[PDB]
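Peer 1: Below: the sequence, then the experimentally determined structure.
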There are 10 protein chains.
Amino acid sequence: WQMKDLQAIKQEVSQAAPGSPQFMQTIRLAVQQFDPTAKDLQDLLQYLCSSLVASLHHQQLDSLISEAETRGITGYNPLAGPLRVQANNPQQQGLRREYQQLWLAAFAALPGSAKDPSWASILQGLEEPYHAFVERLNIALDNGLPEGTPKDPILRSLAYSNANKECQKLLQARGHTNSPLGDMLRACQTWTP
Amino acid sequence: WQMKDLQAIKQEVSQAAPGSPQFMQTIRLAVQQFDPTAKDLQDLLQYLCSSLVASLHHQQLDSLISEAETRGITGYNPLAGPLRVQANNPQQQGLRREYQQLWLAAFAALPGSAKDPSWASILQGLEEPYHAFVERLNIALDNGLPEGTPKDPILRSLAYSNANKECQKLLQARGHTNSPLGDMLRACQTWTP
Amino acid sequence: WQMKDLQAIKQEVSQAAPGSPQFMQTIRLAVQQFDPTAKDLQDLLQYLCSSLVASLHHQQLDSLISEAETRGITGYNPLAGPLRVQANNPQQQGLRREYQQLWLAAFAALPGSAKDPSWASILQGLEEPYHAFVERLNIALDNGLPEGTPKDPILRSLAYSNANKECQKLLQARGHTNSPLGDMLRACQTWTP
Amino acid sequence: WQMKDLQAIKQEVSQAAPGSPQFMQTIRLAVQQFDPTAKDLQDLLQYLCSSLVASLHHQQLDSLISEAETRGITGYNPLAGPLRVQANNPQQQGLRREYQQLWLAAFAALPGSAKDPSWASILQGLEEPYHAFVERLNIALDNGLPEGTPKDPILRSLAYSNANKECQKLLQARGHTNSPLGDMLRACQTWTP
Amino acid sequence: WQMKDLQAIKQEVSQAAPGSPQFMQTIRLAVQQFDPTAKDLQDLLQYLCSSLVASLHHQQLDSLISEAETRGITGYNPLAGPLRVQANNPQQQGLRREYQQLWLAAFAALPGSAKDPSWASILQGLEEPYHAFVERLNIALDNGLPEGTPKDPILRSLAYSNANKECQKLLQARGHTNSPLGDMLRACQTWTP
Amino acid sequence: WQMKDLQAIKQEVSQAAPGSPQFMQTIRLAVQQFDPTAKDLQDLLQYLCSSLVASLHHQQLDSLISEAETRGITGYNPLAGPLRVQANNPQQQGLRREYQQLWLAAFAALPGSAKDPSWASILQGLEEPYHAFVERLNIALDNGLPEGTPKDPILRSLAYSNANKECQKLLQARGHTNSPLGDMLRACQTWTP
Amino acid sequence: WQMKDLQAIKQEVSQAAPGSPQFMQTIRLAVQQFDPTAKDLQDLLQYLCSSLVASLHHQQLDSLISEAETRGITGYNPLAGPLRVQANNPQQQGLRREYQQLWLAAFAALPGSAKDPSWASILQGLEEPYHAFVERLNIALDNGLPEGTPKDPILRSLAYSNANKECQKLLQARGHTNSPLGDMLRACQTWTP
Amino acid sequence: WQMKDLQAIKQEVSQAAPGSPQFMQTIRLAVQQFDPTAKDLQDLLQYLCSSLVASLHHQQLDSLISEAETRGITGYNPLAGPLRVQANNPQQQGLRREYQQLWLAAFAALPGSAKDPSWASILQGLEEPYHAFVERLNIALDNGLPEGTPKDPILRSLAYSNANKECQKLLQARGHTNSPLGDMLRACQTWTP
Amino acid sequence: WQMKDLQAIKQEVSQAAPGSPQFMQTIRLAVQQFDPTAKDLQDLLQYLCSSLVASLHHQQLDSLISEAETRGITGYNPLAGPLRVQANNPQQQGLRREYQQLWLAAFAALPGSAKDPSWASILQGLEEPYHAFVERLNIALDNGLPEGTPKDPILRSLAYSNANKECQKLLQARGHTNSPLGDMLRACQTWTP
Amino acid sequence: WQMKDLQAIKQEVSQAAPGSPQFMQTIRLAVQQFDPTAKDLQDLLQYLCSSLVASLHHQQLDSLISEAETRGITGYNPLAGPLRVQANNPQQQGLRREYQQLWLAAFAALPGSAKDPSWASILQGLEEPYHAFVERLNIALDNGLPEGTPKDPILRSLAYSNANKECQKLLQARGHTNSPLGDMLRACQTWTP
């Protein structure tokens, strides 16, 4: 990398928790365009991820690397040390690609195995209007939910469970709790604090 | 590309759904100035487009490529593999140009075949004034409507269908529902919540 | 050009309609500093201008080029094809300069032949104060009025025609309708909604 | 120059009228660091200055150049054409320096000979507080007043002449009209709309 | 010089402030006609300007000479004494001209850097008619104000600022506290002590 | 330097008066990383500092250079001209370092000898709350107070002398005038306009 | 380094006190990507850290270096001078790495030995709502708390000790003082000023 | 030195704080006249300043010496002992001068880094006239305050801050809590115990 | 050394503060018996007392080392490394002796540098008898004072200063506030809460 | 020189302001007796008086040096260095004489350049007797006036201007406001508060 590019990656990523679609998109573009080694990837992780979530990433990545080594990974000679060191070798292109892929995949479980994430704590304000609440909760889900998620059902349920205390009654009153998101958007259009 | 240029393209595009005039302008400038291959275009798509809309882009692009191959596309030898791989070849300039053109054209159907887009959900606020609503809805249409659209009739209709609940009566009261946009702009100038 | 420079030109120009002094200044600086060919100018136009106003620019530019070719333009051999192609030739510096000049001059008629522009739709708010309205309307005129305009008379008239509904009476009440802009600025200083 | 540097100069200068200390500082740094010719200076003027104030700059610069040529200017041979062309010659360093100095000095009279400038139209709002008014008027003077000005007396007088309609009485009531600026700042601290 | 010429210069200048346009005209004419060296200029400065103003002008001239020698006078070598010593040499004519120019330019910064100038302290007399007061203000400002600084806005502000308190009240009643100079001249005509 | 770096230095410095810790930090980094000559330092000063404070900087720097020359400064041969010119010589590295150090030290007295600075004019608003006032006054002191200052006592005194008119009584009422800053922060937590 | 990169590091770090996770992440990335010497590290410290906290950093770093030298540090020959000078040597890569590590570790004690930090002075506003207070206090802790901290207990306690004066009673009233942070977040959701 | 010279230095300095302008004047004169080595300077520091102030000055001097040796003294080689040892060598005169300069500069940072200084703790006596109190404040501040720091604003703040409570009330009634020093001197003249 | 020896030493110093007479006795005996090197002394320092006190002792040891090195040491060769490194030599026993003496003497000024000391902050409980509090104060003095400090007057003052409020009233009524300590013990013998 | 000589000189000037007749006498005697060089004179200047007055004296000395150098000096060789350097020569004794005369003459204009002078700001106390105030004013005049200033008329004016309000009323009732000073002394002989 270069320091400016790393700072740009951080600034683009800063609003997204590890494993989010925006996080993964930016990190995948970084890995593709810069082709980093294991040392560069470690520096990138330590600069982006906090100590706790970097440790969590390593806890998943070690399991992934153990899976790959036990099951056989192309170009890796076990006598030549571990995969982390063999990635740093400049003549091992394929092993470098495989280690980058494992590094990226280790980020998938960080939000998938996270406990009580921030997007679950998005409670609608006592006087915050529901139309802005939908957009705020969509933004929160886009920055804290893992890749491959079935986002729309969870959005549908969170539109009620985390709704305003009066909206909790209002949604049942108009009979739109189990309807799609647009139905509740139409239902709560008339609400005001 | 370079990572900085890709990030700039994303930041310019971020407010526009795939296929919008701003989206298409920025992506066309990127393709012209950088002359990307199929791999670079795939990286650009995955970095910009979400997984769902990237999959939709591929679903349209495969149909476009099948049309081109069945109908005959210049410089493409079927024995040399598929068009995606032949684009990556550095000596195939014309095939690269044709694949870039097909890639750009595959974006036209993403908003054209999208279901219930965000610009349709632009409901005027209960106390939001109509003069600002016109500008907001124009901005929404400029970021979610496909290229080649007959925008002005749709703007004219959405000025009433999505208007304020009181404006829904007010526009009929002054008799300007079927008039051009400027007539409703003059009509609703006196409205206040 | 380069993609970053084109994006900078767009961001500087984005608030100005084609043909405005700011638009023309930025585009003239771009043409001078980058010395673009016909292909580069076409890419610049398509990236900046929307499809409708790019088509309008071409409609004026074809007339300008026909005028130049019929009247005789230096360095252009008609047997060598059209002016657009001859501009792209790297050894034709003078023809390139002339085509760039024609391209820039084709932008003069886009606001000069536009119908009912946005700056005419600048109606003063029902409670918007007149002192801020003057600055807003000046900014609007600076971004939608063509080069070589007699701006000050039009500003003077628009200060009344588009004024606040109460200001429409107030300006006549103090007897400053036909006076210069400063006289109305002094006259409406005491107004409040 | 380069297009990015010119755009940066414009963005730094955009809030200052020609001839202001900020304007002159940025333009002097540009001239020193880039060492422009007459053509580059003309492009810079046309890109920054509007048509009217560029014409005013030329009206003063022609007089300055006539003064220099009539009085004798080092390195200039009259048989070699005018000073503008001789500046563009790459082997005439000293004449280039002298023409740049004349170009910079031609900017001094643009605010010095301007009629009824914007900083004179800074009337205090009917409910705008005086403490913020002092800072606003200082900022206005810093962006519209020529170099070498005796700014503080003019600030002292404008603190009363352009003051709030009630402040026009209040300042005389506390007897601080002719006192320094700090005395009026202390005097109007207690005022409220 | 000669004694008679210096005395005539002082009598022409005596009514004018140091750095004033009246001062600068006569002093520039004397410099042009007599071609004075550093010693002659120092004598003239001591004869015209007081010791304190002489010290301020020497400070300005030292700053200007330091800047010029840092940037490079055409013929000034860093040898054979400073620029003041080399100005006395008859052979080094160009150095003499450059010193004359810097010495003249040093005066122009005195009015712009003078603290609490006397031209702003001239107030309207209690029984003095407003016409006489504005004539006195014009006389003071057409001299005391620096070279080329806009004077008319300074009249339009200070004629109200420096007006008599009863005259200020009359201006307030007339509503011409910020009207042009002619309007304030007309408004205050009816005043009588 | 380069124009972009100079503009960045200005934008970082723009909020800090000469001699402030932020000012000195940025200028010291500039001098270290760019290693400027006397001409470059003069251009930097003229571009950053206004004419008055640049003249003040020169007034202090001439005294500093006179001290260094009279007391003996390493590598400086008096026969080789002055220190300003000898700094510009590309083979005099040590003299260049010494002149840069003197230039930086000349900035220390600009706020240390300034009269009635802006941070002294930070009067608490009539309804501005004290908790925000503490932060505002801390920011003001960080941008207008010289290096090596005993900031905390002055902050402690200014928390009362410049406090709100009601806070002037409130602080004495709770008996925390002479206590540290945290004690007044606790004391005024309950205040409200 | 380069001046632009140093300014970027400052702008990213500016909101974090020395030793904070964000501070340490940015500085570690800088050290890794730029590989600075002792002189470069000293310039970086003086440009980022204020004089007081730079002196504190040196007070800790001297102790760390004394520990390393007394206990034996690889590649350091005591006869070759001190570690600071030996780091600047371009052929001593390992000693440079060790000095950079010691420099980074000297930052750990700056917040760990700081007295009464700013994050402790985060008192909830008298009418500031608790939901925003939690986020504000989390941000404050993220910018003023040292690395390796047990942040969550301190957050839990500060949610009550620094809570609103009414919230100090409210939290005990609902019986959630000793419960985790989410329990108080649920408890104070209904509070309003 | 000599014993008599050291005693005279102490008697001249005894009334002055460490780091004070009175302290610095005498100490710089002693350094200039006696040309002291490291041992002589250490003896003088032990004789004048107490053990605690000696430790603080040694901390400052260690920081300054570390910084200078990292950046490079003219004659200091990383050999033959540290800079303090090489200062005692009669041959290395330049090292002695550099050590003297750094040792002198170490004092100047003590008043700027001193916590809870005594000059700010001098309060107005209950029956002490305000003239005597302001004289005492001037005596304390003209010594205790560091070198070159602005003193007059500190008087204008602390003379009200450190005034007697009845005198503070008198200042409040006079409305001169932020008036210049002369205005507060005039206002408090009528006070009597 | 051995681990058991250090453990016994720490058990001996478990109550004694750094600098306490018990602490100094056991540490002096350890240094005499085991003749530790500089590395051994640093390990013992890091094991006995916490990080803050270890850092303060490092500052004291650095001050003493600098002073002794400047003055002169028994077998010091500054060319052959610093004191902390030279003490780690089987040959340089005499310098190790002086380093051990300096290491112990650094503890002498450690309790005197303590802020808010606890060896004089022992307070009597509400129901605590006077003689028990006096005994605890005496024990804390013998266990927390710096070496050589006269304990009798401190005990005499603290027998009343730190006594219980009931004991304070008893002493004040008897007029025995400044009596000999035996008189405090006799007078309070008949009192018990 | 010697340290004791400078200490005695400063004790002599302890009360005398820069430019006072006592100050000038003792400084002239010092210059005559010790025949100081330019470096010695600078050291004496820096030791006698503070930084601000030293800077003003440097400005005066620079003005005098420039004037004399332009006019001509006894043994001045401008090729052979400036005056401040040439005076530091065992050979150029005659130029050192002129530099000493200039150094003393720079003090002559120093008290005259003082702003808000204290030598004429001595005020009588409320209960202070008239003759004691007159004596103190006379002493302050003899100790603060510039050299050669007529003290008799100043004393005559200040005997009434600075007199106590009771003394002012006594003089006004007697009509002795502009009487000879002996008449003030005789008329106020019978009055005492």
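Peer 2: All right, it came through fine. Residues are numbered from 1 along each chain as shown, chains lettered A, B, ... in the order given.

Peer 1: quick one, what contacts the residue of chain A found nearest chain D?
Peer 2: Checking chain A residue by residue against chain D with Cβ to the nearest Cβ singles out residue A:4 as nearest, at 15.5 Å. All C-beta spots, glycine's among them, are computed from the backbone N, C-alpha and C. Going by Cβ atoms under 8 Å, 6 or more residues apart in numbering or on different chains, residue A:4 touches B:4, G:4, G:5, G:8.

Peer 1: Run the angle between the helix or strand harbouring the first one and helix A:3-13 for me.
Peer 2: Read that as residue B:4. Using DSSP states H and E, residue B:4 maps to helix B:3-13. Compare the direction of helix B:3-13 with that of helix A:3-13 by axes from the mean of the first three to the mean of the last three Cα atoms, to 10 degrees and you get 30 degrees.

Peer 1: Export the helix or strand that helix B:3-13 is followed by to CSV, keeping only CA atoms.
Peer 2: Reading on from helix B:3-13 to the C-terminus, the next helix or strand found by DSSP H and E is helix B:21-34. Extracted C-alpha coordinates of helix B:21-34, given in CSV (Å, rounded to 0.1, in the frame of the first residue of the first chain):
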residue,chain,number,x,y,z
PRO,B,21,-27.8,9.4,-15.9
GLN,B,22,-25.3,10.4,-13.3
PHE,B,23,-24.3,6.7,-12.7
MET,B,24,-24.0,6.1,-16.5
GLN,B,25,-22.0,9.3,-17.1
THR,B,26,-19.4,8.6,-14.4
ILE,B,27,-19.1,4.9,-15.4
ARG,B,28,-18.8,5.8,-19.1
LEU,B,29,-16.1,8.3,-18.3
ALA,B,30,-14.3,5.7,-16.3
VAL,B,31,-14.5,3.1,-19.1
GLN,B,32,-13.3,5.6,-21.7
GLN,B,33,-10.4,7.1,-19.7
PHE,B,34,-9.2,3.8,-18.1
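
Peer 1: which residues touch helix B:21-34?
Peer 2: Around helix B:21-34, the neighbours that count as contacts under Cβ under 8 Å, 6+ apart are B:1, B:5, B:9, B:12-13, B:15-17, B:36, B:40-41, B:44, B:48, B:100, B:103-104, B:107-108, B:142-143, B:145, B:147, C:1-3, C:6, C:43, C:46-47, C:50-51.

Peer 1: Could you verify my assumption that residue A:45 touches residue A:55?
Peer 2: No. Under the criterion of Cβ atoms under 8 Å, residue A:45 makes no contact with residue A:55, lying 10.1 Å away.

Peer 1: Please say which of those two ends up with more neighbours.
Peer 2: Shown here are residue A:45 and residue A:55; by other Cβ atoms under 10 Å in any protein chain shown, residue A:45 has more neighbours (19 against 10).

Peer 1: mind listing what the more buried one touches?
Peer 2: Going by Cβ under 8 Å, 6+ apart, residue A:45 touches A:54, A:57, A:103.

Peer 1: what helix or strand does the second one sit in?
Peer 2: It stands for residue A:57. Under the assignment here (DSSP H and E), residue A:57 is part of helix A:51-71.

Peer 1: quick one: that helix to helix G:21-34, angle?
Peer 2: Per the same axes, to 10 degrees, the angle that helix A:51-71 makes with helix G:21-34 is 50 degrees.

Peer 1: Which neighbouring elements make contact with helix A:51-71?
Peer 2: With contacts defined as 3 or more Cβ pairs under 8 Å, 6 or more residues apart in numbering or on different chains; DSSP states H and E, helix A:51-71 has these neighbours: helix A:38-48, helix A:83-88, helix A:93-106, helix A:109-112.

Peer 1: Just the residues contacting that helix, thanks.
Peer 2: Applying Cβ under 8 Å, 6+ apart, the external contacts of helix A:51-71 come out as A:18, A:45-46, A:49, A:76, A:78, A:82-84, A:98-99, A:102-103, A:105-107, A:109-110, A:113, G:21, G:147-148.

Peer 1: please redo it, this time with the cut-off set to 7 Å
Peer 2: Under the criterion Cβ atoms under 7 Å, 6 or more residues apart in numbering or on different chains, residues A:18, A:45-46, A:49, A:76, A:83, A:102-103, A:105-107, A:109-110 lie in contact with helix A:51-71.

Peer 1: and stretch A:79-93, is it in reach of chain G?
Peer 2: No. Residues of stretch A:79-93 are not located near chain G by Cβ under 7 Å from any Cβ of the partner chain, the shortest gap being 14.1 Å.

Peer 1: distance between the ends of that stretch?
Peer 2: Taking Cα to Cα, to the nearest Å as the measure, stretch A:79-93 stretches 18 Å from start to finish.

Peer 1: Pull out the buried positions in it.
Peer 2: A:83, A:84, A:86, A:87, A:88, A:92 (16 or more other Cβ atoms under 10 Å in any protein chain shown).

Peer 1: Among these, list the two that are farthest apart in space.
Peer 2: The two members of the buried residues of stretch A:79-93 with the most space between them (Cβ to Cβ) are A:84 and A:92, at 11.7 Å.

Peer 1: follow-up on the earlier one: export the helices and strands packed on helix A:51-71 to TSV and tack on distance to residue C:157?
Peer 2: Shown next, in TSV, are the helices and strands packed on helix A:51-71 (distance: least, Cβ to Cβ, whole Å):
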stretch	distance to residue C:157
helix A:38-48	58
helix A:83-88	72
helix A:93-106	63
helix A:109-112	60
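
Peer 1: Of all those, which one is nearest residue D:169?
Peer 2: When the helices and strands packed on helix A:51-71 are compared by Cβ to Cβ, helix A:38-48 sits nearest residue D:169, at 61.5 Å.

Peer 1: so how many other residues sit close to whatever residue of chain A ends up closest to chain I?
Peer 2: Nearest residue of chain A to chain I (Cβ to the nearest Cβ) works out as residue A:51 at 20.5 Å. Look at residue A:51: counted by other Cβ under 10 Å, it has 14 neighbours.

Peer 1: swap in residue A:29?
Peer 2: Applying other Cβ under 10 Å, we find 22 other residues in the vicinity of residue A:29.
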